[PDB]
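These notes are about the structure you will find just below.
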Amino acid sequence: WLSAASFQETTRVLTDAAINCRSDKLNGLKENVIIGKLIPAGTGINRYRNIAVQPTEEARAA
Amino acid sequence: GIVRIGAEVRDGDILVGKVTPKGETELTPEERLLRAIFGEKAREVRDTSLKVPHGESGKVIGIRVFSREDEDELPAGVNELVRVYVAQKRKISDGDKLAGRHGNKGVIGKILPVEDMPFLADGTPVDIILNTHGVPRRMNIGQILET
Amino acid sequence: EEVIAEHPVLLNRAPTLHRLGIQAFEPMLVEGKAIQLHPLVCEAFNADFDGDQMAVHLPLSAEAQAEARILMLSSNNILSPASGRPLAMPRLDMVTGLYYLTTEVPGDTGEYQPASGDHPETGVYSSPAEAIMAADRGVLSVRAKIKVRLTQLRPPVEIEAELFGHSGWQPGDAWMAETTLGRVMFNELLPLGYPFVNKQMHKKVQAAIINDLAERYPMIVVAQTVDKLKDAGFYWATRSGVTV
Amino acid sequence: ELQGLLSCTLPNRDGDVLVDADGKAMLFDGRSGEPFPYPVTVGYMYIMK
Amino acid sequence: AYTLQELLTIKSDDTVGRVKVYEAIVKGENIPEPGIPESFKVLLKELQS
Amino acid sequence: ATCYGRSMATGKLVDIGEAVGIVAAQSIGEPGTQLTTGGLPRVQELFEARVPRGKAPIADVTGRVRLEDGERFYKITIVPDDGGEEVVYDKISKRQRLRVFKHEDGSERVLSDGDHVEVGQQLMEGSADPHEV
Amino acid sequence: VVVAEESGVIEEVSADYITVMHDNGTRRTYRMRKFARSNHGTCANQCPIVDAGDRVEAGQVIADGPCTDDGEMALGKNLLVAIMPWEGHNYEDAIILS
Amino acid sequence: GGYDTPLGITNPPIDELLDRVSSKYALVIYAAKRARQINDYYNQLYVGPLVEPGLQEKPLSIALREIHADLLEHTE
Amino acid sequence: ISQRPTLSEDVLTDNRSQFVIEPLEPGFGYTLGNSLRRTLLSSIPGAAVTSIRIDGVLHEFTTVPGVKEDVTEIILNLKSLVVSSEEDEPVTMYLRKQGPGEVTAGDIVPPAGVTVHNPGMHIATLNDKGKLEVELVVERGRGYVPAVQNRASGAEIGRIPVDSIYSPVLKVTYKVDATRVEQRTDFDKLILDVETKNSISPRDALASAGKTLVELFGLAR
Amino acid sequence: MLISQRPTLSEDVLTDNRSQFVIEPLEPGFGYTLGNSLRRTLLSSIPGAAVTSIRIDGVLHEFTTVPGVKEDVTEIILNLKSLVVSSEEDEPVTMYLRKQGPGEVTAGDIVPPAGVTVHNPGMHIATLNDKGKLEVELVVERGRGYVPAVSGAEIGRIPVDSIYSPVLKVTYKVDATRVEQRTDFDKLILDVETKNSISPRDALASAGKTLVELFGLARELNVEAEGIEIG
Ligand SMILES: [Mg+2]
């Protein structure tokens, strides 16, 4: 509903969201943009955003 | 506290000095120490002087001042009102916009030394080099005739 | 200049119609108050110099600098994300230049002759350097047809199949080419090992060559070849005599 | 009339006509020194700041 | 994603993030983690109004 | 990634995190300024799935066609070949032509009454309703 | 631009003002806006274009304001121009200046 | 091996770097986290630079040169 | 084939001369003439006015009572001053004038070693109420240098910095004659035309250019 | 008039016959001033010896096919214009090349008269089949730069293009370097590829000496203050 409120017809969307007591799961790049969270695309998906990086032992010796 | 006529002011220089009464809660830690060690007067003042904005410079060519001490009318609660006039001589530069009278506009991409310009057979260097590819498609051929 | 080194900035020109409307660049200090923009990124920005302005954004975090250097770097985005066609392609002036450089003019100065009579062949040169020497004097025209012995350029498909067969041509193996010195200087810009293109460089042909260099060569080699073509076409565009 | 005027252009102080009847002229490249290969249209244009 | 988050949190309205960014850059430390955009708080307050 | 295919920008297979939806929206919108039913209005008519003006109905089922010629308006009735019942498309505009479709015998010609009609065949020239499709 | 309201002879000319003695004996003096700021920060600076003895007619221009030369709108300069590309510095509407 | 010596920001060719990783985003986060490690090391004196740095080389350039030399592991 | 090049002067006026260099290799004339022209238009030493102080003014954007011109126009007029100095050190000239008349460059009293070559150059016109008193600092330099602001100097307020156009050469062109016979002896004859600003002769300017170019080309050794 | 920060001449040796010199830093404008002059001087002023004309046996009217060999006339002229020769006496010295055995005629099979030297004796010249007889005359002269074929008056002798210049290919480029606070200073970069007669260093030194002597003509007109940069 947060995504739809920012596109068009904010009043109608907000009214119908209040009546239906909607709950936004906050998953979607536009919503993350609004709330300031890493968008779930590109470098923001959990595959790349959580990476373990450590030097090798052959390089730690050299 | 006003700059002197004829002064060359730079980026950030003070034009008119002006102090403002400050409350005893706005003081910085370094400020509270200097106020308490010396026990200065109750007139704690913050610096609100008029400074030169960024990208500005020139000679101060004029000053005008109005005061409530004189019959000069001012809005409610304004004691003094001072205007400083700064003049600058701008030579032509990169990024400056030139245009003929036929809609042929463009910015200066390069100012070449007089020795770099294409020069006529007698040594006269040309002053402005206009690119050919602009003339035919913009449909303004008068600029060529004018030439 | 010490803190600027290898710290990318982001350049943007509104309206940002596609993602190429924001590109990362390495900044170098310039005297003056104007941003200097590479002439090859104007197609992506839809930028001209009739008074246009652009915005500079400074990434701070290590992740933002990495995204600038890798994802949004100028030399990493040469092709249109919409059609795959090259956008960092030689445009009007560079076109005009390279077109003039590779045109063939029948009967130009120092043109090849059939060597009829007691006079032998004249439009033959041992190396492109000798042709450059002949062009220094008024002897040879850049757009004049000649025959040259080339040792550092790959021959065309048919000529390489006929003069070298199964064993591919190698850097150093000479061969005779019937072209203009301008086309030799053009193919000197293309990467070592690209089949010689003996054509008059229309914009379509340039688009085709860059399409192939994208389809087969690394991105960085394309980013270097387009710069070489930029320099060459700008040099030869003023000396082409296009005037109104 | 404009084409006709370019023919009877008065010469410079040395008696040389610098601009032909096509409105072009032979310029030298003040960087390399060699003359530019083809004549270039030169003239006087009103430019505004 | 990270550039977009940085542009929209610690360059506009993360009231603590911008000061922490100044401190980190002045001391050569790593740039801190983004906070919550103040404009989002203002949106919530306007909706509650 | 495999169903999407190559990334136009990179020339290789599209990566994982790519938000190809925004790339597609930008690729469709960027050259929109060049367009001149009409041009861009027709694009908006399609992307919004609106019932197009100048509607050309299509056939619901394979059958025999009967087109009644009228000066002001046309009218069509279809008798199905599957043992069905009559479908009625009516009130056609006299300003609309007839689709030149290749019949079952192979010969392409103007829409001829008393001939075979397949399923979803465009009955007249113009633009068909995508809801009916 | 400053224009004579009535015929006469210049009685005095300074960078500050120009005073003209008419024929009936009356005098008229015109002061000069000197280095005045416009609404848009451009400079309005008038300069007399007559000398001490000159006789001027009614309707004649006495002083030249901004963007005026001898009484005519002079918005630019006569520049020696060559139409040609030049090492891509005038590329895409850019301009090269001596 | 058919390219000229790269300048500045392109010190390792982008293609050779892309070989070490699965895609561009992975390399981005790779180098970013390695650079954060390097800057923490420089603030404490934690693993120091694995290749001799330039005079004043940014940690990101050091990390890119390290990834180019196959001196780091990566687990998606 | 061998014959050393010879330089022959050929004067036309007191401040314009041609210079002929006959035995040069073919294709070698244009580049040599152009190097000489670059050096002449670039790096010929000269002298000009650095700053001025007019009595009764503090900045350029004002008027002096009784003077028809303003200070900006007066400085624009002074731009055309041709002057020569042997001091190689900031020296000062003075100018005073009163009553009606036309202040010209001849009205300037230069110190020893400093000479003003165009005494008739118009500077200002003064009336009954007009009095002009100007100090002019002359320095010796080369090329072109923009006015040195009073921040980079210990200069006080009254000083008015001025652009210094130090170059004394006025216009330089060249022309080559290519003798390309059917035989093996081909050669270009260079003819360099030099005109100076009446401060020095073309001979001296060309000599300075030659010294600068010799000193530069001595690097490749 | 004043003193200038002295430019330095750095050398980078790419190959034994090819080098890159860097003159930096120059005052703004002097990059292109020194560049074209040094290029033309290197290319067309250093004296060197080269082939002027050849007389090939067995063909004097035809000039298209030489019996007994695989190459034709024009390719022979080509790879003979590549012969690196240097002579002492300034007179058109004649040399001879002969070979009978089925094999390859190289530049080491030429009999060089006294006072001349062939610097690339391993260079390939021709290929002799079985029963292949090769006999060719070679005229050598000392000149400068590049001269096209100047003839007749005796059959069999054909003039060729005389590449007298001991340098082969010269290019230059002016980049922008900053001395301090001034990013517009000039930096000249020469790329010179020569023969094996003289190294690029010697060619540059000779061109510099020539240009010094040349502008000495303008120096000799007076003794006036100019730009001084020594030390
Ligand atoms: Mg624009």
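How things are named: the first chain in the structure tokens is A, the next is B, and so on; residues count from 1 in each chain; ligands count from 1 in the order shown.
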- request: Would you kindly return, as a VMD selection string, each protein, DNA or RNA residue with an atom no farther than 10 Å from any atom of residue 109 in chain B, considering only C-alpha atoms and excluding same-chain residues fewer than 6 positions away?
  value: (chain B and resid 93 to 97) or (chain C and resid 34 36 49) or (chain G and resid 88 to 91 93 to 97)
- request: Compile the contact shell of residue 18 in chain A as number ranges by chain: residues with an atom at most 12 Å away, counting only C-alpha atoms, same-chain residues fewer than 4 positions apart removed.
  value: A: 1-2, 5, 11-14, 22-24; E: 47-48
Could you write those residues out with C-alpha atoms, as a PDB file, in the first residue's frame?
ATOM      1  CA  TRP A   1       0.000   0.000   0.000  1.00  0.00           C
ATOM      2  CA  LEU A   2       2.955   2.336   0.579  1.00  0.00           C
ATOM      3  CA  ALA A   5       0.186   5.610  -2.268  1.00  0.00           C
ATOM      4  CA  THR A  11      -6.350   9.646  -0.958  1.00  0.00           C
ATOM      5  CA  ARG A  12      -8.282   6.659  -2.330  1.00  0.00           C
ATOM      6  CA  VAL A  13      -5.380   4.281  -1.694  1.00  0.00           C
ATOM      7  CA  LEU A  14      -4.921   5.466   1.894  1.00  0.00           C
ATOM      8  CA  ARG A  22      -3.680  -3.404   5.279  1.00  0.00           C
ATOM      9  CA  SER A  23      -0.150  -4.348   6.302  1.00  0.00           C
ATOM     10  CA  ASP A  24       2.763  -3.663   3.949  1.00  0.00           C
TER      11      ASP A  24
ATOM     12  CA  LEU E  47      -0.638  10.285   8.340  1.00  0.00           C
ATOM     13  CA  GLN E  48      -1.335  10.193  12.084  1.00  0.00           C
TER      14      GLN E  48
END
Per residue of chain C within 9 Å of ligand 1, note the shortest atom pair and the distance in Å to one decimal, counting only C-alpha atoms and all ligand atoms, and order the rows by chain and increasing residue number, as a tab-separated table.
residue	atom	partner	partner_atom_place_in_ligand_line	distance
C:46	CA	ligand 1	1 (Mg)	7.9
C:47	CA	ligand 1	1 (Mg)	6.0
C:48	CA	ligand 1	1 (Mg)	4.8
C:49	CA	ligand 1	1 (Mg)	6.1
C:50	CA	ligand 1	1 (Mg)	5.0
C:51	CA	ligand 1	1 (Mg)	6.1
C:52	CA	ligand 1	1 (Mg)	5.0
C:53	CA	ligand 1	1 (Mg)	8.5
task: Considering only C-alpha atoms, return as a ChimeraX atom specification whatever protein or nucleic-acid residues lie within 9 Å of residue 7 in chain D, sequence-local ones (same chain, fewer than 2 positions apart) excluded.
output: /D:3-5,9-10,19-22
Residues of chain F at most 12 Å from chain H: nearest atom pair and distance in Å, only C-alpha atoms, as JSON lines:
{"residue": "F:10", "atom": "CA", "partner": "H:24", "partner_atom": "CA", "distance": 10.4}
{"residue": "F:12", "atom": "CA", "partner": "H:23", "partner_atom": "CA", "distance": 10.5}
{"residue": "F:13", "atom": "CA", "partner": "H:23", "partner_atom": "CA", "distance": 10.1}
{"residue": "F:14", "atom": "CA", "partner": "H:23", "partner_atom": "CA", "distance": 9.3}
{"residue": "F:15", "atom": "CA", "partner": "H:23", "partner_atom": "CA", "distance": 6.3}
{"residue": "F:16", "atom": "CA", "partner": "H:23", "partner_atom": "CA", "distance": 8.1}
{"residue": "F:17", "atom": "CA", "partner": "H:25", "partner_atom": "CA", "distance": 7.7}
{"residue": "F:18", "atom": "CA", "partner": "H:25", "partner_atom": "CA", "distance": 9.4}
task: Compute the set of chain E residues within 9 Å of chain A, using only C-alpha atoms, and express it as a PyMOL selection string.
output: chain E and resi 1-2+4-6+8-9+34-37+39-40
Could you dump the residues just selected with C-alpha atoms as a PDB file, in the first residue's frame?
ATOM      1  CA  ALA E   1      21.774  -0.338  -4.027  1.00  0.00           C
ATOM      2  CA  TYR E   2      24.373   1.045  -1.610  1.00  0.00           C
ATOM      3  CA  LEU E   4      21.060   4.745  -3.603  1.00  0.00           C
ATOM      4  CA  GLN E   5      20.816   4.153   0.152  1.00  0.00           C
ATOM      5  CA  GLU E   6      23.688   6.538   0.881  1.00  0.00           C
ATOM      6  CA  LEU E   8      18.820   8.976   0.362  1.00  0.00           C
ATOM      7  CA  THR E   9      19.824   8.534   4.022  1.00  0.00           C
ATOM      8  CA  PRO E  34      22.727   4.573   7.339  1.00  0.00           C
ATOM      9  CA  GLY E  35      19.916   5.450   9.731  1.00  0.00           C
ATOM     10  CA  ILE E  36      16.227   6.223   9.243  1.00  0.00           C
ATOM     11  CA  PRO E  37      15.194   9.081   6.912  1.00  0.00           C
ATOM     12  CA  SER E  39      11.181  12.497   6.011  1.00  0.00           C
ATOM     13  CA  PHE E  40       9.739   9.028   6.705  1.00  0.00           C
TER      14      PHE E  40
END
task: Extract the full set of strand (DSSP E or B) residues from range 1-189 of chain I according to DSSP on the backbone, and format it as a ChimeraX atom specification.
output: /I:7-13,16-24,45-54,63,67,70,83-85,91-98,101-104,108-109,114-116,122-126,131-142,144-145,160-161,164-165,169-180,186-189
Within 12 Å of range 45-61 of chain G using only C-alpha atoms, minus same-chain residues under 4 positions, as a PyMOL selection string: (chain G and resi 1-23+30-38+65-72) or (chain I and resi 61-63+66-73+100-102+125-128)
Atoms to include: C-alpha atoms. Write the selected residues as an mmCIF file, in the first residue's frame.
data_model
loop_
_atom_site.group_PDB
_atom_site.id
_atom_site.type_symbol
_atom_site.label_atom_id
_atom_site.label_comp_id
_atom_site.auth_asym_id
_atom_site.auth_seq_id
_atom_site.Cartn_x
_atom_site.Cartn_y
_atom_site.Cartn_z
ATOM 1 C CA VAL G 1 20.321 56.885 -24.291
ATOM 2 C CA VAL G 2 20.472 60.630 -23.598
ATOM 3 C CA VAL G 3 18.721 62.804 -26.190
ATOM 4 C CA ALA G 4 18.669 66.580 -26.626
ATOM 5 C CA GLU G 5 15.229 67.949 -25.773
ATOM 6 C CA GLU G 6 15.947 71.202 -27.638
ATOM 7 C CA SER G 7 18.554 72.490 -30.078
ATOM 8 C CA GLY G 8 21.547 74.407 -28.798
ATOM 9 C CA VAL G 9 25.278 74.402 -28.130
ATOM 10 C CA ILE G 10 27.117 72.402 -25.480
ATOM 11 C CA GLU G 11 28.105 74.752 -22.665
ATOM 12 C CA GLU G 12 29.985 72.134 -20.647
ATOM 13 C CA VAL G 13 30.707 68.416 -20.937
ATOM 14 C CA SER G 14 31.990 66.235 -18.096
ATOM 15 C CA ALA G 15 31.942 62.546 -17.279
ATOM 16 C CA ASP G 16 29.332 63.621 -14.691
ATOM 17 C CA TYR G 17 26.938 65.774 -16.746
ATOM 18 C CA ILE G 18 26.396 67.541 -20.073
ATOM 19 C CA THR G 19 24.899 71.038 -20.065
ATOM 20 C CA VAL G 20 23.668 72.658 -23.284
ATOM 21 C CA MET G 21 22.792 76.332 -23.744
ATOM 22 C CA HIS G 22 19.667 76.659 -25.884
ATOM 23 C CA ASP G 23 19.092 79.485 -28.363
ATOM 24 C CA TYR G 30 21.625 66.081 -18.258
ATOM 25 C CA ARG G 31 23.285 64.036 -15.537
ATOM 26 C CA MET G 32 24.915 60.703 -16.334
ATOM 27 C CA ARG G 33 24.015 57.385 -14.776
ATOM 28 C CA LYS G 34 27.594 56.287 -14.033
ATOM 29 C CA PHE G 35 28.243 52.632 -13.129
ATOM 30 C CA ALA G 36 24.652 51.977 -12.048
ATOM 31 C CA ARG G 37 23.444 48.469 -11.269
ATOM 32 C CA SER G 38 20.476 47.160 -13.242
ATOM 33 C CA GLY G 65 24.170 54.306 -22.525
ATOM 34 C CA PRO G 66 24.766 50.568 -22.193
ATOM 35 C CA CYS G 67 24.912 48.519 -25.403
ATOM 36 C CA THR G 68 24.905 51.674 -27.543
ATOM 37 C CA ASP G 69 27.556 53.047 -29.905
ATOM 38 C CA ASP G 70 27.057 56.518 -31.442
ATOM 39 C CA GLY G 71 23.315 56.080 -30.883
ATOM 40 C CA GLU G 72 22.870 52.561 -32.297
ATOM 41 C CA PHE I 61 34.426 52.697 -11.276
ATOM 42 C CA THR I 62 34.181 56.435 -10.722
ATOM 43 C CA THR I 63 34.727 59.788 -12.426
ATOM 44 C CA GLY I 66 36.079 68.004 -15.233
ATOM 45 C CA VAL I 67 37.346 64.997 -17.213
ATOM 46 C CA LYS I 68 35.143 63.898 -20.110
ATOM 47 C CA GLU I 69 36.202 60.253 -19.703
ATOM 48 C CA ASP I 70 35.715 58.059 -16.654
ATOM 49 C CA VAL I 71 38.504 56.135 -14.941
ATOM 50 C CA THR I 72 37.579 52.906 -16.736
ATOM 51 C CA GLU I 73 37.748 54.643 -20.115
ATOM 52 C CA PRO I 100 41.251 73.066 -20.429
ATOM 53 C CA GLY I 101 43.122 70.881 -22.869
ATOM 54 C CA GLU I 102 43.770 67.340 -24.042
ATOM 55 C CA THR I 125 40.227 65.669 -22.259
ATOM 56 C CA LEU I 126 40.006 68.233 -19.453
ATOM 57 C CA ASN I 127 37.915 71.383 -19.101
ATOM 58 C CA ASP I 128 38.109 74.483 -16.898
#
field: Spatial neighbours of residue 167 in chain I, 8 Å, only C-alpha atoms, chain gap at least 5 places, as a PyMOL selection string
entry: chain I and resi 41-47+142-144
Filtering to N, CA, C and O atoms, could you give me those residues as an mmCIF file, in the first residue's frame?
data_model
loop_
_atom_site.group_PDB
_atom_site.id
_atom_site.type_symbol
_atom_site.label_atom_id
_atom_site.label_comp_id
_atom_site.auth_asym_id
_atom_site.auth_seq_id
_atom_site.Cartn_x
_atom_site.Cartn_y
_atom_site.Cartn_z
ATOM 1 N N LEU I 41 55.303 35.928 -31.085
ATOM 2 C CA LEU I 41 54.032 36.300 -30.484
ATOM 3 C C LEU I 41 53.937 35.920 -29.014
ATOM 4 O O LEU I 41 53.039 36.416 -28.328
ATOM 5 N N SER I 42 54.833 35.066 -28.515
ATOM 6 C CA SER I 42 54.727 34.554 -27.152
ATOM 7 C C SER I 42 55.680 35.224 -26.164
ATOM 8 O O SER I 42 55.237 35.776 -25.151
ATOM 9 N N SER I 43 56.989 35.175 -26.427
ATOM 10 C CA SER I 43 57.969 35.318 -25.355
ATOM 11 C C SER I 43 59.009 36.391 -25.652
ATOM 12 O O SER I 43 60.181 36.249 -25.288
ATOM 13 N N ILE I 44 58.618 37.491 -26.284
ATOM 14 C CA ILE I 44 59.527 38.604 -26.543
ATOM 15 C C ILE I 44 59.436 39.573 -25.367
ATOM 16 O O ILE I 44 58.332 40.053 -25.063
ATOM 17 N N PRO I 45 60.542 39.879 -24.691
ATOM 18 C CA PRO I 45 60.476 40.771 -23.529
ATOM 19 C C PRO I 45 60.062 42.178 -23.918
ATOM 20 O O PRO I 45 60.325 42.646 -25.029
ATOM 21 N N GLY I 46 59.415 42.855 -22.980
ATOM 22 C CA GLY I 46 58.947 44.204 -23.198
ATOM 23 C C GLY I 46 58.699 44.919 -21.889
ATOM 24 O O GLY I 46 59.227 44.543 -20.842
ATOM 25 N N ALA I 47 57.880 45.965 -21.957
ATOM 26 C CA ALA I 47 57.540 46.729 -20.766
ATOM 27 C C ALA I 47 56.168 47.362 -20.947
ATOM 28 O O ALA I 47 55.789 47.760 -22.052
ATOM 29 N N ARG I 142 57.323 39.884 -19.910
ATOM 30 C CA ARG I 142 57.065 39.318 -21.224
ATOM 31 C C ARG I 142 55.689 38.673 -21.243
ATOM 32 O O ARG I 142 55.087 38.409 -20.198
ATOM 33 N N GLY I 143 55.203 38.414 -22.454
ATOM 34 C CA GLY I 143 53.900 37.813 -22.633
ATOM 35 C C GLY I 143 52.788 38.722 -22.144
ATOM 36 O O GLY I 143 52.859 39.953 -22.230
ATOM 37 N N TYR I 144 51.736 38.102 -21.621
ATOM 38 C CA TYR I 144 50.591 38.817 -21.082
ATOM 39 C C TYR I 144 50.344 38.349 -19.659
ATOM 40 O O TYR I 144 50.407 37.151 -19.372
#
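Residue list for chain I within 12 Å of chain C: residues 25, 26, 27, 28, 178, 180, 186, 187 and 188 of chain I, counting only C-alpha atoms.
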Could you list, as a tab-separated table (two decimals) with C-alpha atoms, in the first residue's frame, every residue within 6 Å of range 168-176 of chain I, counting only C-alpha atoms and ignoring same-chain residues fewer than 4 positions away?
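See selection.tsv below for the written result:
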chain	number	residue	atom	x	y	z
B	122	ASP	CA	49.21	38.21	-43.68
B	123	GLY	CA	49.51	36.96	-40.08
I	33	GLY	CA	58.84	30.10	-39.86
I	37	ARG	CA	56.25	33.18	-35.19
I	46	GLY	CA	58.95	44.20	-23.20
I	189	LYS	CA	63.18	29.72	-49.27
I	190	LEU	CA	61.61	31.12	-46.09
I	191	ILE	CA	60.52	34.77	-45.83
I	192	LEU	CA	59.45	35.87	-42.34
I	193	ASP	CA	57.66	39.23	-42.08
I	194	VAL	CA	57.88	40.84	-38.62
I	195	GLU	CA	56.21	44.04	-37.44
I	196	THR	CA	56.76	45.44	-33.94
I	197	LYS	CA	55.04	48.02	-31.74
message: I need the residue nearest residue 108 in chain B from this list: C:148, C:33, C:111, C:232. Use only C-alpha atoms for the distance.
response: C:33
Considering only C-alpha atoms, give me a table of residues in chain D that are at most 8 Å from chain B, with the closest atom pair and distance in Å for each, as a tab-separated table.
residue	atom	partner	partner_atom	distance
D:18	CA	B:121	CA	7.0
D:25	CA	B:120	CA	7.3
D:26	CA	B:120	CA	6.6
D:27	CA	B:120	CA	4.9
D:28	CA	B:118	CA	5.5
D:29	CA	B:118	CA	5.0
D:30	CA	B:116	CA	4.7
D:31	CA	B:116	CA	5.4
D:42	CA	B:147	CA	7.3
D:43	CA	B:147	CA	4.8
D:44	CA	B:147	CA	5.1
D:45	CA	B:147	CA	5.2
D:46	CA	B:100	CA	5.8
D:47	CA	B:100	CA	4.8
D:48	CA	B:99	CA	5.4
D:49	CA	B:98	CA	5.0
Can I get the selected residues back with N, CA and C atoms, as a PDB file, in the first residue's frame?
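For reference, part.pdb as written:
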ATOM      1  N   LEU D  18      42.795  38.859 -49.587  1.00  0.00           N
ATOM      2  CA  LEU D  18      42.875  37.715 -48.694  1.00  0.00           C
ATOM      3  C   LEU D  18      41.685  36.775 -48.815  1.00  0.00           C
ATOM      4  N   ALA D  25      39.397  31.502 -47.787  1.00  0.00           N
ATOM      5  CA  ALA D  25      40.762  31.993 -47.666  1.00  0.00           C
ATOM      6  C   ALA D  25      41.661  30.853 -47.220  1.00  0.00           C
ATOM      7  N   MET D  26      42.950  30.990 -47.514  1.00  0.00           N
ATOM      8  CA  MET D  26      43.938  29.977 -47.154  1.00  0.00           C
ATOM      9  C   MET D  26      44.534  30.335 -45.798  1.00  0.00           C
ATOM     10  N   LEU D  27      44.248  29.516 -44.792  1.00  0.00           N
ATOM     11  CA  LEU D  27      44.725  29.737 -43.436  1.00  0.00           C
ATOM     12  C   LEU D  27      45.893  28.812 -43.124  1.00  0.00           C
ATOM     13  N   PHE D  28      46.760  29.262 -42.226  1.00  0.00           N
ATOM     14  CA  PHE D  28      47.854  28.451 -41.715  1.00  0.00           C
ATOM     15  C   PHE D  28      47.501  27.933 -40.330  1.00  0.00           C
ATOM     16  N   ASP D  29      47.914  26.703 -40.040  1.00  0.00           N
ATOM     17  CA  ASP D  29      47.707  26.124 -38.715  1.00  0.00           C
ATOM     18  C   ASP D  29      48.816  26.621 -37.799  1.00  0.00           C
ATOM     19  N   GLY D  30      48.487  27.573 -36.932  1.00  0.00           N
ATOM     20  CA  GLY D  30      49.471  28.175 -36.055  1.00  0.00           C
ATOM     21  C   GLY D  30      50.113  27.221 -35.066  1.00  0.00           C
ATOM     22  N   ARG D  31      49.720  25.946 -35.094  1.00  0.00           N
ATOM     23  CA  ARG D  31      50.300  24.936 -34.213  1.00  0.00           C
ATOM     24  C   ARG D  31      51.387  24.130 -34.915  1.00  0.00           C
ATOM     25  N   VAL D  42      36.076  32.653 -44.100  1.00  0.00           N
ATOM     26  CA  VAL D  42      36.348  33.604 -43.033  1.00  0.00           C
ATOM     27  C   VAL D  42      35.576  34.879 -43.322  1.00  0.00           C
ATOM     28  N   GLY D  43      35.252  35.589 -42.252  1.00  0.00           N
ATOM     29  CA  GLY D  43      34.504  36.822 -42.373  1.00  0.00           C
ATOM     30  C   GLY D  43      34.326  37.447 -41.012  1.00  0.00           C
ATOM     31  N   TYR D  44      33.355  38.345 -40.901  1.00  0.00           N
ATOM     32  CA  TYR D  44      33.126  39.059 -39.653  1.00  0.00           C
ATOM     33  C   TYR D  44      31.691  38.856 -39.209  1.00  0.00           C
ATOM     34  N   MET D  45      31.531  38.265 -38.033  1.00  0.00           N
ATOM     35  CA  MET D  45      30.224  37.948 -37.491  1.00  0.00           C
ATOM     36  C   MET D  45      30.006  38.712 -36.194  1.00  0.00           C
ATOM     37  N   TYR D  46      28.765  39.127 -35.969  1.00  0.00           N
ATOM     38  CA  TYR D  46      28.403  39.837 -34.752  1.00  0.00           C
ATOM     39  C   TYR D  46      28.103  38.816 -33.663  1.00  0.00           C
ATOM     40  N   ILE D  47      28.917  38.817 -32.613  1.00  0.00           N
ATOM     41  CA  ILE D  47      28.810  37.855 -31.525  1.00  0.00           C
ATOM     42  C   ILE D  47      28.444  38.601 -30.251  1.00  0.00           C
ATOM     43  N   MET D  48      27.490  38.058 -29.499  1.00  0.00           N
ATOM     44  CA  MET D  48      27.019  38.666 -28.263  1.00  0.00           C
ATOM     45  C   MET D  48      27.465  37.847 -27.060  1.00  0.00           C
ATOM     46  N   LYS D  49      27.662  38.534 -25.935  1.00  0.00           N
ATOM     47  CA  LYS D  49      27.954  37.876 -24.663  1.00  0.00           C
ATOM     48  C   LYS D  49      26.640  37.716 -23.904  1.00  0.00           C
TER      49      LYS D  49
END
